[PDB]
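Protein chains in written order, with PDB author numbering: chain A, 1 to 45, 54 to 71; chain B, 356 to 422; chain C, 3 to 122, 127 to 163, 174 to 190, 195 to 257, 265 to 318; chain D, 1 to 165, 174 to 318. Ideal placement from N, C-alpha and C gives every residue a C-beta, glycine not left out. Report on one structure; see the data block that follows.
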Amino acid sequence: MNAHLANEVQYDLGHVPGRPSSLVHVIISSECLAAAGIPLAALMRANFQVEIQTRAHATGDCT
Amino acid sequence: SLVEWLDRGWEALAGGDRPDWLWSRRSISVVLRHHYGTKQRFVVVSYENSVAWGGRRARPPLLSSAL
Amino acid sequence: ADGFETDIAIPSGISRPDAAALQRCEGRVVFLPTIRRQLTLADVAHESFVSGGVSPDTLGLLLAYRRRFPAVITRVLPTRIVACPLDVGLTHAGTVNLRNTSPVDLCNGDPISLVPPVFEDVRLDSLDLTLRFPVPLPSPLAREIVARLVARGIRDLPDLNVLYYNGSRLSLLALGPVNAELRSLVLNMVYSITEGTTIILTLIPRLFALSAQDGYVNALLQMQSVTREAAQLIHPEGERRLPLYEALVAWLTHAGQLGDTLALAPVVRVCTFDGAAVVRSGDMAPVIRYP
Amino acid sequence: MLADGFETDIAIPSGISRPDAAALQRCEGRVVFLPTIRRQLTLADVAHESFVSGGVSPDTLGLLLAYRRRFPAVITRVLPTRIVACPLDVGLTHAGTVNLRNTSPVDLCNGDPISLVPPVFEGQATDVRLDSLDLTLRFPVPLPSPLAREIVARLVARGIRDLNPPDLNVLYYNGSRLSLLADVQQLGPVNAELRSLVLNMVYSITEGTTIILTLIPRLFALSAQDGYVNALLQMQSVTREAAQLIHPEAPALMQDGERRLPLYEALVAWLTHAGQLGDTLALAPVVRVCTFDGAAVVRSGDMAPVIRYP
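Below is the structure:
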């Protein structure tokens with residue numbers, strides 16, 4: 001919620017990488033979180057830092 | 356508008372306001388998508404007045420799925 | 003007793019018209035270099051404020067009155083001028099009469115700061135010096151009346177003359197030399213604010229470019245918040268470099284210089300006792316400092 | 001202020017090595033941070049060990065916020081059993097005068113307000129140690145008020161370089185060349201300083217400011233004619249190089265411009281946020297100097313009479 005909106009401030013100030021790039025909001029479901037990765041009770045233990061990159065098509069140049 | 360009549364009802368009952376209550380009152384676009392990794396569903400959201408995916412104010416430059 | 007009294011000696015050679023004006027100036031604000039028992043009148047006069055070469059302007063008089071020390075003249079002997087300083091001598095006595103040179107009336111319970119005579127004169131012939139007395143006007147008007155006269159000077163490069181306090185008119189225009201006397205204060209305003217409104221606009225390259233009234237509030241609130249997310253909401257991260272970080276420090280000192288000038292602290296509060304609450308022009312007002 | 005004033009008492013623990021007792025008698029006039037205005041405290045409360053934060057040793061730039069949370073007080077007289085001090089926010093004495101010894105490299109002039117700085121400068125870093133009680137005492141440096149606003153401006157601008165992967177060390181006053189000792193700054197308190205800046209930075213921008221921005225071409229034309237206007241720009245400001253490129257112009261016409269004064273409203277909002285900010289980063293200049301037998305210069309290493317500043 002608050003993390004959903006403070007990230008909109010990041011695109012407005014231009015701190016995000018890539019000026020032609022645009023912003024997409026995603027709600028991850030808890031069942032999608034379980035089968036892919038980490039357990040759920042760990043995140044229970054109010055914002056959390058997540059590092060995000062973008063990877064280009066078929067050539068190993070990432071942000 | 357009745358939206359202004361809503362805003363006084365929220366402000367009186369909560370004793371205040373955050374933007375969390377602002378976005379819930381205008382509209383919201385709540386779309387199912389499905390994950391390529393582990394087959395599960397997830398939700399893509401574009402707020403109304405936002406700068407993101409579909410936004411009332413900020414669409415330069417809008418992006419296409421033509422490719 | 004134990005009351006402190008500065009004694010100002012008048013040099014002899016006073017003509018009979020000259021002593022009559024000094025007889026009349028009983029309750030007025032007078033500055034002095036250092037708190038001391040005995041002192042000449044040459045340090046009192048307006049000639050003692052000069053740097054050259056140059057009679058000091060409105061900006062220097064605001065700077066001088068921090069370093070100078072305010073004192074109110076008591077009874078005036080023909081021998082000497084007995085005046086008590088405000089900051090040390092009044093903490094034991096408690097009550098000092100004070101006459102307004104201001105045309106603005108005084109209510110009870112008001113804080114009063116001192117303003118140089120920019121709002122708008128005594129000169130002695132035989133002793134070859136001038137006297138300029140500051141204006142004891144109230145402190146909420148003091149941040150206003152100074153800022154009105156600054157706003158006129160920006161128009162030199174609606175009516176600003178309207179100031180209605182406690183049911184009374186005021187005319188700031190009343195002319196010629198008042199504008200040029202104030203010119204140095206005007207330039208340090210614009211140079212401070214425009215250097216302010218470039219560095220903030222360089223560190224945040226899209227304050228004006230950000231969307232109006234709703235994204236700007238969302239940019240405001242996260243910056244307004246207390247939470248740990250602070251630095252990633254601010255910074256934008265051969266060829267010459269903009270010396271921004273040095274221009275920070277030179278602007279902060281110049282802004283820090285003007286904080287002491289334009290505070291106009293409440294030196295004097297007036298408590299009317301056994302009399303009318305409204306103290307008008309040319310009337311002695313009792314003075315009680317902070318305990 | 002009371003009729004007698006208010007004098008706190010800092011009690012001394014009984015275990016004293018006699019050289020540490022003579023070390024306290026050299027602290028005749030210093031500045032002491034009290035956490036409260038309680039009448040009786042201990043030396044452990046005064047010293048640097050309780051003056052730390054929880055688990056984390058504060059740096060020099062982070063020590064400023066620890067000052068304004070506490071109460072500066074001045075030691076009057078060292079007794080064999082206790083130390084008597086007077087607070088500054090409370091009305092200070094019966095008489096209105098305190099002596100303050102200069103642990104400062106710079107001499108003092110009359111009337112100038114005193115703010116106070118942590119031990120920052122090179123070479124003169126002097127902290128009294130009470131090795132019988134295993135205590136350390138870091139005492140602040142009293143300095144004139146435009147100097148303290150420089151040093152805060154030098155430290156805060158240094159930390160903004162650390163968020164961006174030359175030079176700013178050297179100050180000048182009375183012709184003296186002097187730099188300052190600093191190695192690292194914690195990323196915590198810098199954000200507390202920076203957020204205190206940019207909120208006060210934004211709150212000066214009002215509708216009249218854009219009208220003032222139209223006078224940027226006037227000043228760069230006026231600095232040609234008078235050297236007093238040349239005393240502004242100094243070649244290191246943005247506005248000299250900003251005027252060389254941008255030619256701004258006014259918006260028109262303002263909403264409800266008949267009833268209101270936009271240039272007046274921009275100034276008063278500027279005087280309450282940006283001109284206030286010299287108070288917001290450091291602590292307030294509570295004290296100025298009034299010598300009685302008139303000494304224009306109070307030399308470094310000597311006492312001085314002391315009177316409150318509003």
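Comparing alpha carbon positions, the residue from 260(D), 104(D), 89(D), 37(D) closest to residue 181(D) is 104(D). Taking 7 Å as the cut-off between beta carbons, the residues of the stretch 377-397 of chain B near chain A are 390, 392, 393, 395, 396, 397, in sequence order. In the three-state reduction of the DSSP assignment, residue 99(C) falls in the strand class.
Following the DSSP letters along the chain, one finds residue 71(D) inside the beta strand (DSSP E) bounded by residues 71-78.
For the stretch 220-241 of chain C, the set of residues with a beta-carbon nearer than 9 Å to any beta-carbon of chain B comprises 231, 232, 234, 235, 237, 238, 241, in chain order. Counted as a single uninterrupted DSSP element, the alpha helix (DSSP H) harbouring residue 214(C) occupies residues 203-223. Taking all protein chains in view, the Cβ of residue 298(C) is surrounded by fewer than 16 other Cβ atoms within 10 Å, so the residue is classified as exposed. In this structure, 129(D) is the residue among 46(D), 129(D), 57(D) with its C-alpha nearest to the C-alpha of residue 20(D). Here residue 16(A) has 10, 23 as same chain residues with Cβ atoms under 8 Å from its own Cβ, once five neighbours each way along the sequence are excluded. Per DSSP, residue 42(C) is one residue of the beta strand (DSSP E) stretching across 40-42. Less than 8 Å divides the Cβ of residue 114(D) from the Cβ of residue 296(D). Around the beta carbon of residue 358(B), fewer than 16 other beta carbons lie within 10 angstroms, which makes this residue exposed.
Using a Cβ-Cβ cut-off of 8 Å, residue 12(A) counts as an interface residue toward chain C, since at least one Cβ of chain C sits closer than that to its own. When 8(C), 215(C), 288(C), 303(C) are compared, the shortest CA-CA separation from residue 284(D) is found for 288(C). For residue 253(C), the C-beta contacts it makes with chain A under 9 Å involve 6, 9, 10, 13, 15, in order along the chain. In terms of beta-carbon proximity, residue 42(A) stays away from the interface with chain B, with every pair separated by 8 Å or more. Using a Cβ distance threshold of 8 Å, residue 137(D) and residue 44(D) do not count as a contacting pair. Contact between residue 6(C) and residue 90(C) holds, with the beta-carbon distance rounding to 6 Å and staying under 8 Å. Each residue's CA atom was taken as its position, placing residue 18(D) and residue 189(D) some 32 Å apart.
Burial check for residue 2(D): the Cβ neighbour count within 10 Å stays below 16, so the residue is exposed. In the DSSP assignment, residue 379(B) falls within the alpha helix (DSSP H) that extends over 374-381. Taking residue 368(B) as the centre and dropping the five residues before and after it, the same chain places no C-beta closer than 7 Å to its C-beta. Using a Cβ-Cβ cut-off of 8 Å, residue 299(D) counts as an interface residue toward chain C, since at least one Cβ of chain C sits closer than that to its own.
Across the stretch 24-35 of chain A, CB contacts with chain B closer than 7 Å involve 24, 25, 26, 27, 28, 29, 31, 32, 35, in sequence order along the chain. Counting every other CB atom within 10 Å of its CB across the protein chains shown gives residue 102(C) a total of 16 or more, marking it as buried. Around the beta-carbon of residue 414(B), fewer than 16 other beta-carbon atoms lie within 10 Å, marking it exposed. CA-CA distance, residue 8(C) to residue 233(C), rounds to 60 Å. Taking the Cα of residue 272(D) as reference, the smallest distance to any Cα among 302(C), 174(C), 28(C) is reached at 174(C).
The Cβ of residue 416(B) sits no closer than 8 Å to any Cβ of chain C. Ranking 55(C), 59(C), 53(C), 31(C) by CA distance to the CA of residue 46(C) puts 31(C) first. With three or more CB-CB distances shorter than 8 Å, the stretch 301-318 of chain C counts as touching the stretch 77-95 of chain C. Counting only the Cα atoms, residue 64(A) lies some 6 Å from residue 70(A). With fewer than three CB-CB distances shorter than 8 Å, the stretch 203-217 of chain D does not count as touching the stretch 239-257 of chain D. For residue 255(C), there is no enclosing beta strand (DSSP E), as DSSP marks it with neither H nor E. The residues 376, in chain order, have a CB closer than 6 Å to that of residue 365(B) in the same chain once the five nearest residues on each side in sequence are set aside.
A direct Cα-to-Cα measurement between residue 35(D) and residue 207(D) gives close to 28 Å.
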